[PDB]
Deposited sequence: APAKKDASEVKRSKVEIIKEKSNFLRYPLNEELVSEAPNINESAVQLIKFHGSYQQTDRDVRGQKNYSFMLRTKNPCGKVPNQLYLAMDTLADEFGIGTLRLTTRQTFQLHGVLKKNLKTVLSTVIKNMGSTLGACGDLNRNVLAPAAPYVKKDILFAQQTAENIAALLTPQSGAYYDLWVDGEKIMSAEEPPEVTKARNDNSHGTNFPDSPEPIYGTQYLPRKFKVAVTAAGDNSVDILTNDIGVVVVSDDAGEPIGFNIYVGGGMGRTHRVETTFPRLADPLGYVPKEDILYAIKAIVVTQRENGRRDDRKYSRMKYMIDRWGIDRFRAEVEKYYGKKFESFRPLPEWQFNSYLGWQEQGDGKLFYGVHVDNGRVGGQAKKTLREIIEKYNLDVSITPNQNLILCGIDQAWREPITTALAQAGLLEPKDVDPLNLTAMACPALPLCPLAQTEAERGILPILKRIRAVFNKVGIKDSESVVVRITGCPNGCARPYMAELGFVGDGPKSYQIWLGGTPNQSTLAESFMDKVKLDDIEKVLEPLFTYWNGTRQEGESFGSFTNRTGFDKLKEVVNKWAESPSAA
């Protein structure tokens, strides 16, 4: 018993066939090609506002969210030349570029590859973009987190040259060495770790430094945390395993899950431990029903201790005990900040990561005129890196003129909010997210004002169009998860920190009825919160039973 996608991967000759023929046929491609083109970082979509108008979304690979100047410039131009005029920053520190016609697809990807970029493995049954702290801090543990993420991305990059064959016709030796060691490998294959069948499903890793949870670590297949040493010298990594947001409405055997603490490894061991984890998923882990394929389900089923022992077979030694860590703090990296080396960086707030019409033009003019590298954050924002102090004022002036605001001038709801693209181009969406979130945030602000909550107060709001959870709604203080054309499930219990799993509070709340739920919830928060207690902490301390009583009584 194996899924249709397994058979497709099997027959494809490492992701070439029949994609290769289909690419050069019709405005669309066949089902097999649709599945395969994902591994090369593109998705066939249709516009659901319209009557099948086909186009292709493309998604980049950018470990740590780092984007070289040359790539930003090419992406910016490609969006206008061959896309819909926008770049979409994502919750995994990546670009997406929507609306590409099939006849231009090879031109677009080839341009990406020739401009210090890649889409390889941006989708597919393989390692997705590896998260790291987006800020260009010079601090040691931050730099080391960033390097480690890059190493992991490279380690887990597909080695079949299928990508380069279709579209276009440095690596630290530690990575090559780790990749080549025998667990773990298929010694004679074009894919030493992935093999012919790749993974059972997408696989998501996040790396960070102790204390910094910009990366929403608990949500990933593997979370990697740099541990230091009283002087700030990295000595090793704590590891979490088995998080994921993906679930499906009315299928209670599907659920979001928080990664478990797995243990600690010395710094020199990291790539071996990671490969061991990946191989454990590769070998075990369901290929019959995609839906129960993510590593989270294997860990739910086995328990963390049996999983650890299995990983230890491929690692070749015992994980040490997970070391104590500081609390978790969310960091947006927005506004004007010091890198620590004399240069500045500026974090640009972007609602939903949607970079378009003028904001887009101005960003490109800045980036091009000062030759900046940039970085994408897991909250869909853009950091302008490596700024000389002398440039602070003209950059600030240019951004303000374009309508791009400093954090102090943005509603705090917006600063932490996220929504997925959903409609019109997502084929899974049940309702709006990106196109409906801004009016929702304004309504939340109006509920706060009516209730008497100060305009500096806020709550994390994350909206998706369906329960797949691409904006990580199940970590929100307030999550809306689309469950109908004009309705959302409301989730509560996430924290400002992203250290806590939300739970479903109510189903099928109609868009029009949102205030009927929110007003009593926030009235009770205002009325009985402890001093400075967040809505999230207040929700977990007070409990759903009391919150529902309050909602029903209203």
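Residues of the deposited sequence that lack C-alpha coordinates fall in the stretches 1-10, 36, 62-63, 183-189, 203-204, 577-583.
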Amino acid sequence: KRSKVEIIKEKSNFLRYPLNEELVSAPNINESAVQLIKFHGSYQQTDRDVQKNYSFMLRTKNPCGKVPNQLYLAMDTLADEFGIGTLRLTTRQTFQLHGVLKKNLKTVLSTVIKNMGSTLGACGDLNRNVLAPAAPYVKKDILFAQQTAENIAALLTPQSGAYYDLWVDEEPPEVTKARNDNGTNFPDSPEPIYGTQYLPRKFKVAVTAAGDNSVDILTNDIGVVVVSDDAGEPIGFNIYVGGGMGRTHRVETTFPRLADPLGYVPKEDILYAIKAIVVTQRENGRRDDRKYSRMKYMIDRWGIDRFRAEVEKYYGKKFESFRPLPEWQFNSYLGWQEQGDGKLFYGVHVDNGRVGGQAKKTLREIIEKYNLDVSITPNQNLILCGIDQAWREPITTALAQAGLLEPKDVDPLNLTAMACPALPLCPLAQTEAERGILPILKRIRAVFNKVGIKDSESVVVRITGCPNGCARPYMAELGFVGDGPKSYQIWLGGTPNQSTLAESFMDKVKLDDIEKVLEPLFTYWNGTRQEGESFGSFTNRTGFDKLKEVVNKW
From here on, numbers count along this sequence of modelled residues.
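Legend: mean Cα B-factor per stretch from the PDB entry, 119-127 versus 105-113; the higher mean is in 105-113. A summary of the deposited B-factors shows that, of 511-519 and 61-69, the stretch with the larger mean C-alpha value is 61-69. Highest C-alpha temperature factor among 202, 472, 313, 92, as the PDB entry reports it: 313. Across 477, 434, 229, 409, the entry's maximum B-factor at the CA atom is seen for 229. In the PDB entry, residue 275 places in the middle third of its chain by CA B-factor.
Sort the modelled residues of the chain by CA B factor and residue 49 lands in the middle third. Among the modelled residues of its chain, residue 462 has a C-alpha B-factor that falls in the lowest third according to the deposited record. Among all modelled residues in this chain, the alpha-carbon of residue 492 has a temperature factor (C-alpha) in the lowest third. When all modelled residues of the chain are sorted by CA temperature factor, residue 501 is found within the lowest third.
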